[PDB]
Amino acid sequence: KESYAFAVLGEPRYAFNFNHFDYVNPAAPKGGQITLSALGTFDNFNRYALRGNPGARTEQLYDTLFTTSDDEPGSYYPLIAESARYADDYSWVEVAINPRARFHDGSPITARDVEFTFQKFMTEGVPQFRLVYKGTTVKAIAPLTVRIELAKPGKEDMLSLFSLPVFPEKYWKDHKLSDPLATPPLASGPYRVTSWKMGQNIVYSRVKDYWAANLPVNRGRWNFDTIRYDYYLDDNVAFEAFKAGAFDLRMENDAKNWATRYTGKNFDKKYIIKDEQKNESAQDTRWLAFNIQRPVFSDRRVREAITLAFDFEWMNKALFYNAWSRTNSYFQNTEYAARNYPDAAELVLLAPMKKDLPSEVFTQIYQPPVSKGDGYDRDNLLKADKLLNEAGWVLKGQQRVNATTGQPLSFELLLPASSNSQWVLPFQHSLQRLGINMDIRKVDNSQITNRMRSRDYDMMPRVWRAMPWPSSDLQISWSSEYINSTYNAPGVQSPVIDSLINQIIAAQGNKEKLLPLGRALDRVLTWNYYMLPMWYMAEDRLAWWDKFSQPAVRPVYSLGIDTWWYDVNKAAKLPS
Amino acid sequence: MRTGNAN
């Protein structure tokens with residue numbers, strides 16, 4: 001009925017005596033600069049717009065009603081809100097707003113601003129928002145009390161509204177949410193944009209009189225006076241800039257960099273620290289999306305064949321120092337991954353749709369193709385050939401052509417110019433040995449963003465962000481009605497997916513019913529070969545210039561850079 | 001993501 005803390009599943013870790021998180025130093029000193037890289041470019045400051053390339057960190061301009069801890073999958077703690085009263089089914093909540101809550105101009109954050117914000121997303125926001133919150137109302141029932149009512153139960157959908165940025169009506173009444181912003185909006189978080197150069201840098205300054213600096217969720221965080229993002233057109237130029245000291249911190253995503261290029265005077269003299277930690281929670285995964293709305297990838301057999309042409313064991317051994325693990329799940333390294341045979345609860349979910357399922361969903365555990373790693377896997381390439389031929393794509397000369405029409409089998413791989421892409425030519429070569437032509441097109445960050453959003457590609461790389469439980473967000477990425485959300489990478493509209501996700505969205509907060517539902521969905525998504533699995537590693541590889549100190553404990557779901565601070569003694573030992 | 005478009 002009344003609480004200070006919420007959890008999507010289970011109970012919140014910091015439900016009692018909450019003074020600060022475990023993964024901060026509450027005494028961390030304020031001051032100093034951290035300089036970071038970003039790849040590509042940006043052209044505006046509105047993260048929530050229908051178009052444009054928003055600046056680094058422009059999704060954290062605003063405080064929210066509650067904020068999530070970084071050492072838990074989905075637990076919410078007071079930020080702008082102090083507390084909430086609620087129905088046992090979470091279908092309604094009355095949120096008490098902290099009377100100290102202020103925007104950067106020193107004006108109050110009120111229940112009206114929250115009501116205004118919800119209506120703003122509903123009428124000018126991304127089209128998925130009004131679809132998800134279609135039966136929902138958000139009303140200021142008192143100056144500092146906002147009442148949220150859902151039309152149907154959705155504990156996660158309710159808690160997700162706690163993460164909505166709270167906009168100041170006084171500013172946003174004059175700007176459409178759907179339009180990009182050439183200058184930063186009036187905001188409220190612990191850092192404000194203070195200068196920038198369009199497409200090149202953004203500087204954030206710590207708000208020194210931030211109203212919430214001493215809330216428990218904020219203690220020991222937001223330590224740096226300045227956070228600077230410099231933009232680099234590709235990762236090789238950024239990595240060389242890092243080694244020369246042009247920015248302070250690097251997340252290393254290239255296996256060859258890590259294995260062979262962390263060398264030179266700066267490492268010998270220990271000006272740069274390098275660190276590698278096993279990461280035991282849910283994992284981001286890389287994939288290549290097949291646009292299944294294009295005729296070239298409409299047939300599951302052709303998608304299966306092209307997958308067989310991707311020689312991961314060769315790439316890992318010859319190119320990547322054995323660093324990577326093969327992606328094999330949409331719930332990678334969680335309990336929701338379909339890594340065993342369906343149990344009885346899964347078959348109750350699955351058997352009704354047997355006619356619309358690959359039969360392997362019932363008989364086999366999904367395993368991406370394995371080669372011996374020698375190059376030229378003959379079993380896998382012969383199977384690819386067999387499947388292509390069945391789908392009507394047959395060799396005429398050295399080229400695969402449609403058996404009916406004589407059209408060559410050809411597609412374009414769309415790539416960001418900014419990425420390393422060492423796997424691309426070997427994949428192209430493998431495809432060429434099957435008679436498949438893959439054109440490579442590298443484009444800038446603004447073209448890539450636009451085309452990724454509109455699905456104007458045959459194939460492109462996509463990251464599937466870690467999903468620690470089967471979230472109601474899955475509908476946005478996979479359900480037919482959300483096809484134009486920008487998150488449905490293959491273009492799939494399936495009644496099987498829809499039905500399993502409708503079940504999931506009706507079981508929000510219920511781990512017992514979500515376990516077999518997540519596994520079931522995982523079998524459907526994987527066995528349809530909607531995307532070509534690439535790789536991940538359960539290990540964070542970080543390097544930084546030795547000017548920082550860190551809390552003893554690192555959070556489970558993030559690197560915790562926002563808990564670091566500038567260490568004047570370590571920094572004094574580095575050259576200019 | 002319910003509030004913004006991909007990246």
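So you know, we letter chains A, B, ... as the sequences are listed, proteins then strands, and number each from 1. Keep in mind that the numbers below use all heavy atoms, side chains included, and drop hydrogens, waters and symmetry copies.
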Can you name the closest pair of heavy atoms from A/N266 and A/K243 and give their distance? ND2-O, 2.9 Å
Less than 6.0 Å separating the ring centroids of A/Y262 and A/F239? yes
Quick one, A/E335 with A/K511, criterion salt bridge (charged side-chain N to carboxylate O under 4.0 Å, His left out). Give me CA distance, side-chain angles, the key distance, then yes/no. CA-CA 11 Å; A/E335 284 274 56; A/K511 182 175 170 167; 5.3 Å; no
Ring-plane angle category for A/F310 and A/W423, please: parallel below 30°, perpendicular beyond 60°, tilted otherwise. tilted
Salt-bridge contact A/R400-A/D385 (side-chain N to carboxylate O under 4.0 Å): yes
Stepwise side chain to side chain contact (heavy atoms under 4.5 Å, CB included) check, A/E304 with A/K383: CA-CA 9 Å; A/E304 191 180 345; A/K383 191 173 201 248; 3.1 Å; yes
Which residues pass the ring pair (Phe, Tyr, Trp, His ring centres under 6.0 Å) test with A/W393, sequence neighbours left out? none
Is A/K372 salt-bridged to A/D377, going by a charged N under 4.0 Å from an acidic O? no
So that I know where these two stand, are A/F290 and A/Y529 an aromatic pair - ring centroids less than 6.0 Å apart? no
Quick one: do A/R554 and A/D275 make a salt bridge, cutoff under 4.0 Å? yes
Electrostatic pair A/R51-A/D43, nearest N-O below 4.0 angstrom: no
Please determine if A/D254 and A/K256 form a salt bridge, counting it only when a charged side-chain N lies under 4.0 Å from a carboxylate O. no
Specify the closest pair of heavy atoms between A/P495 and A/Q493, including all atoms of both residues, with the distance to one decimal. CD-O, 4.0 Å
Exercise: identify the closest heavy-atom pair between A/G52 and A/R453: O-NH1, 2.8 Å
Is the gap between the ring centers of A/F297 and A/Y457 under 6.0 Å? no
For the residue pair A/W287 and A/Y330, is the inter-centroid distance of their aromatic rings smaller than 6.0 Å? yes
If the threshold is 4.0 Å, N to carboxylate O, is there a salt bridge linking A/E412 and A/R441? yes
Between A/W258 and A/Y321, ring centroids under 6.0 Å: no
With ring-ring contact (aromatic ring centres under 6.0 Å, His included) as the test, would you mind laying out the steps for A/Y232 and A/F247 before giving the verdict? CA-CA 11 Å; A/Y232 290 92; A/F247 59 94; 5.6 Å; yes
Considering all heavy atoms of both residues, which atom of A/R326 and which atom of A/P369 are nearest to each other, and what is their separation? NH1-O, 3.1 Å
A/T35 and its side chain to side chain contact (heavy atoms under 4.5 Å, CB included) partner, picked from A/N201, A/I227, A/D248: A/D248
Side-chain (A/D473) to main-chain (A/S477) donor-acceptor, under 3.5 angstrom: no
So, A/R519 and A/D522, do they make that salt bridge, N to O below 4.0 Å? no
Is the shortest distance from a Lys or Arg side-chain nitrogen in A/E539 or A/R541 to a carboxylate oxygen in the other one below 4.0 Å? yes
Smallest separation among heavy atoms of A/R455 and A/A489, with atom names: CD-O, 3.0 Å
